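In: Let me start by giving you these chains from the complex, positioned as in the assembled structure:
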Amino acid sequence: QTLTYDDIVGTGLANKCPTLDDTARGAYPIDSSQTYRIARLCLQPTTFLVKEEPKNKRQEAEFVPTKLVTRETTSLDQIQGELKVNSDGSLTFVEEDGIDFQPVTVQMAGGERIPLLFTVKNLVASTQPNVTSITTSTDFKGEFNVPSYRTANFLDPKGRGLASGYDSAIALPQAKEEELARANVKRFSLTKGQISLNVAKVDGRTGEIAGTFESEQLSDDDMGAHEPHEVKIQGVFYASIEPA
Amino acid sequence: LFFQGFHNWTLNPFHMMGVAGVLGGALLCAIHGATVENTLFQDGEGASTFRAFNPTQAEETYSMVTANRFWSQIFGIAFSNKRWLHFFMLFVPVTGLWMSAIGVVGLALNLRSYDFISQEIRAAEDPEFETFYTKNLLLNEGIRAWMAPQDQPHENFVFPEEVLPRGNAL
């Protein structure tokens, strides 16, 4: 009785992670002898917050809300990885593969577009020790990598890039170039982000779980052009476990 | 294509005035021929309206009054003076060619309207700033480097592959 592509196409439900019945308050137990992989991890954002820059010092600006403008293009899904048991009984998911990045641009008040690479690339996420079962109180905390929003071939609007393109401001042939080093030399940033996944629904029969996540990372820095903004993302998630 | 890649001739206001005169002429040509043909008097009995002209007749062969009312109500303004009308058909295409002649004279000297300085300063400093003006110069840059060695053989241009401007994949 699964839905069919043609039932889904054009509805928006393709951007939506699967849901667990509001009755599924079980637990999944962990045989340290057996191994386990996460067959499918689906991360569905619902809220996008950006840290303001408060000009002065002791004020520390707030996380402010934003409007999404890139439409229903935001979900990570089909992610998979090892699920290990450590000495002290924690588990650790290690990402491997999956559609583990989506570009997103949100808009602050006043019109500033903030683009970002929402991602869990290379994610490693562990639990407390002495789990022995995945329950409606298990918490997964971890960190992932945030590569550069644009990759190396990306040519800016004057033809300038890192692995391709011009190295100078060719329309200003005898301008002094020391002014333009920031804009002429492209950089490939690589930063970390942090995620927390909270389990709140568990089907003991099927191995599926679901719940909420919060992650923090940096926005696009336009290959060194400017400075990044800090970004907090909230949403929901779904994952399915198998005895690999 | 040479004048697009090297002179950016489409951006030159003396060419733009040429375009408005050539196309304006063609407009005027079609619209005046079609107006006359559909404001004709019925001077013969048969369905071919051509037979019913006589080269020597003093009487006009279409109605300037019904033409003027038609266009006043479709378009808001219309000709009322047949001499001004036909003189305007002379004036419009003649002048546009004259304006483009002037522009090409500038280009004899590489005096192009190639750039808008304000645009270049911003785009140099602001890599998120893109317009159709910047996109078209990339294309001009493509044309120059790809056609020049073959098109100017006497310059022995040798452009190894690595120096050619190319976007991704293409």
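Out: Looks like it arrived, so ask away. Numbering: from 1, shown residues only, chains lettered A, B, ... in the order given.
In: Near chain A, which residues of chain B? Just list them.
Out: B:115, B:120-121, B:123-131, B:134-135, B:137-138, B:141, B:165-168 (C-beta under 8 Å from any C-beta of the partner chain). In this view, the C-beta of every residue, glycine as well, is placed from N, C-alpha and C.
In: Closest residue of chain B to chain A?
Out: Nearest residue of chain B to chain A: residue B:130, at 3.6 Å (C-beta to the nearest C-beta).
In: For that residue, which three-state class applies?
Out: Classification of residue B:130 by DSSP: H, G, I helix; E, B strand; the rest coil places it in coil.
In: which non-adjacent residue is nearest it?
Out: residue A:157 (3.6 Å; C-beta to C-beta, 6 or more residues apart in numbering or on different chains).
In: now do residue B:69
Out: Using C-beta to C-beta, 6+ apart, the nearest residue to residue B:69 is residue B:78, at 7.6 Å.
In: residue contacts, that neighbour?
Out: Neighbouring residues of residue B:78 by C-beta atoms under 8 Å, 6 or more residues apart in numbering or on different chains: B:67, B:68, B:69, B:70, B:71, B:72.
In: near chain B, which residues of chain A show up?
Out: A:153, A:155-160, A:164, A:166, A:169-172, A:175, A:179-180, A:183, A:222-223, A:225.
In: Please indicate which of those residues are buried?
Out: Among the residues of chain A next to chain B, those scoring as buried are A:155-160, A:164, A:166, A:169, A:171-172, A:180, A:183, A:222-223, A:225 (criterion: 16 or more other C-beta atoms under 10 Å in any protein chain shown).
In: From residue A:168, how far out is the residue nearest the centre of chain B?
Out: Central residue of chain B (C-alpha atoms, centre = their mean): residue B:19, 1.8 Å from the mean position. Counting by C-beta to C-beta, to the nearest Å, the separation of residue B:19 from residue A:168 is 35 Å.
In: for residue A:239, same thing?
Out: Counting by C-beta to C-beta, the gap from residue A:239 to residue A:168 is 49 Å.
In: which of the two has more neighbours?
Out: residue A:239 (25 against 16; other C-beta atoms under 10 Å in any protein chain shown).
In: hang on, the more buried one packs against residue A:36?
Out: No. Checked against C-beta atoms under 8 Å, the pair residue A:239 and residue A:36 is beyond contact range at 11.3 Å.
In: Take the contacts of residue B:78 and keep only those in strands.
Out: Using DSSP state E, no member of the contacts of residue B:78 falls within strands.
In: Drop anything exposed from those residues.
Out: Among these, the ones that count as buried by 16+ other C-beta under 10 Å are B:67, B:68.
In: Got phi/psi on residue A:49?
Out: Dihedral angles of residue A:49 (phi, psi; degrees, to the nearest 10) stand at phi -120, psi 140.
In: can you slot in chain C too:
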Amino acid sequence: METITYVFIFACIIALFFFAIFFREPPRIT
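Out: So, slotting chain C in with the rest:
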């Protein structure tokens, strides 16, 4: 100031249109 200039000239044109049509010299027969 560029923007103000561009749009002021454009707006003058639209007003000329208005007077050219409704306040035209009215063609008089013969």
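In: and the residue nearest to the centre of chain B, what does it touch?
Out: residue B:96.
In: and if we set it to 6 Å?
Out: Contacts here follow C-beta atoms under 6 Å, 6 or more residues apart in numbering or on different chains; on that basis residue B:19 touches nothing.
In: Looking at chain A, which residue is nearest chain B?
Out: For chain A, C-beta to the nearest C-beta, closest residue to chain B: residue A:157, 3.6 Å.
In: Does that residue lie in a helix or a strand, and which?
Out: Here residue A:157 is covered by no helix or strand, with elements defined by DSSP states H and E.
In: Let me know the distance separating it from residue A:179.
Out: 18 Å.
In: quick one, helices of the chain?
Out: With no chain named, the answer covers chain A. A:5-8, A:181-184 (DSSP state H).
In: try again with chain C
Out: Taking DSSP H as the criterion, chain C carries its helices at C:2-22.
In: Would you tell me which residues of it are close to chain B?
Out: For chain C, the contact set with chain B under C-beta under 6 Å from any C-beta of the partner chain comprises C:20, C:21, C:27.
In: if we look at stretch A:61-77, which residues are touching it?
Out: Taking C-beta under 6 Å, 6+ apart as the rule, stretch A:61-77 contacts A:12, A:15, A:42-45, A:48-52, A:54, A:99-100, A:102, A:104-108, A:232.
In: Quick one: end-to-end length of that stretch, please.
Out: Criterion C-alpha to C-alpha, to the nearest Å; first-to-last residue distance in stretch A:61-77 is 33 Å.
In: Smallest gap between chain C and chain A, at which residue?
Out: Closest point on chain C to chain A, by C-beta to the nearest C-beta, is residue C:3, at 16.2 Å.
In: what about that residue, distance to residue A:52?
Out: Per C-beta to C-beta, residue C:3 is found 28 Å from residue A:52.
In: In what element of secondary structure is the residue of chain B most remote from its centre found?
Out: Ranked by distance from the centre of chain B (C-alpha atoms, centre = their mean), the top residue is residue B:45, with 42.5 Å. Following DSSP H and E, there is no helix or strand that holds residue B:45.
In: sorry, back to before: does the residue of chain A closest to chain B touch residue B:135 like I think?
Out: No. The criterion here is C-beta atoms under 6 Å, and residue A:157 misses it with residue B:135 at 7.4 Å.
In: ok, the residue nearest the centre of chain A to chain C distance?
Out: For chain A, residue A:119 is the residue whose C-alpha lies nearest the centre (C-alpha atoms, centre = their mean; 2.8 Å). Look at residue A:119 and chain C: by C-beta to the nearest C-beta, to the nearest Å, they are 39 Å apart.
In: For the nearest residue in space to that residue that is not next to it in sequence, give its distance to residue A:39.
Out: Counting by C-beta to C-beta, 6+ apart, the nearest residue to residue A:119 once its immediate chain neighbours are dropped is residue A:101, at 3.8 Å. Distance check for residue A:101 against residue A:39: by C-beta to C-beta, it reads 20 Å.
In: now for chain D, put it on the one above:
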Amino acid sequence: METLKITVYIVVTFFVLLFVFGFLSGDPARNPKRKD
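Out: If we add chain D to the chains shown above, we get the following:
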């Protein structure tokens, strides 16, 4: 948004039926020479 959509649908349909019924009201007869 849903309010706007209805509004536009309504406005359009209105002008369309104006058009269909405008021409269904003896348009061949609105000419200066011969009327039927």
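In: again for the contacts of residue B:78, chain D present now?
Out: B:68, B:71, B:72.
In: rerun at 7 Å
Out: Residues counted as contacts of residue B:78 (C-beta atoms under 7 Å, 6 or more residues apart in numbering or on different chains) are B:67, B:68, B:71, B:72.
In: which of those sit farthest apart?
Out: Pairwise distances across the contacts of residue B:78 (C-beta to C-beta) peak at 9.5 Å, for the pair B:67 and B:72.
In: Residue B:110 - how many residues pack around it?
Out: Neighbours of residue B:110 using other C-beta under 10 Å come to 9.
In: same thing with the one 5 residues further on?
Out: Neighbours of residue B:115 under the rule other C-beta under 10 Å: 14.
In: Dump the contacts of residue B:78 to a markdown table, plus distance to residue B:84.
Out: Below are the contacts of residue B:78 laid out as a markdown table (distance: C-beta to C-beta, whole Å):
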| residue | distance to residue B:84 |
| --- | --- |
| B:67 | 14 |
| B:68 | 12 |
| B:71 | 14 |
| B:72 | 15 |
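In: these two touch, right, the residue nearest to the centre of chain A and residue A:103?
Out: No. Checked against C-beta atoms under 7 Å, the pair residue A:119 and residue A:103 is beyond contact range at 9.1 Å.
In: quick revisit: does the residue nearest to the centre of chain B belong to a helix, a strand or coil?
Out: Following three-state DSSP, the label given to residue B:19 is helix.
In: For residue B:133, see how far away it is.
Out: According to C-beta to C-beta, residue B:19 stands 18 Å off from residue B:133.
In: got it, and residue A:20?
Out: Following C-beta to C-beta, the distance that separates residue A:20 from residue B:133 is 53 Å.
In: Enumerate the residues of chain B near chain C.
Out: B:65, B:68, B:76, B:77, B:80 (C-beta under 7 Å from any C-beta of the partner chain).
In: Return the subset of those residues lying in helices.
Out: Among the residues of chain B next to chain C, the ones falling in helices (DSSP H) are B:65, B:68.
In: State the pair within the residues of chain B next to chain C that is farthest apart.
Out: The span of the residues of chain B next to chain C, defined through C-beta to C-beta, is set by B:65 and B:76 at 17.3 Å.
In: how about the residues of chain D that lie near chain B?
Out: So chain D never meets chain B (C-beta under 7 Å from any C-beta).
In: In chain D, mark out all the helices, start to finish.
Out: D:2-23.
In: roughly how far apart are residue A:66 and residue A:184?
Out: Distance of residue A:66 to residue A:184, given as C-beta to C-beta: 31 Å.
In: Likewise for residue B:162?
Out: Counting by C-beta to C-beta, the separation of residue B:162 from residue A:184 is 19 Å.
In: Neighbour count for those two, which is higher?
Out: When neighbours are counted by other C-beta under 10 Å, residue B:162 and residue A:184 differ, and residue A:184 comes out ahead with 19 against 5.
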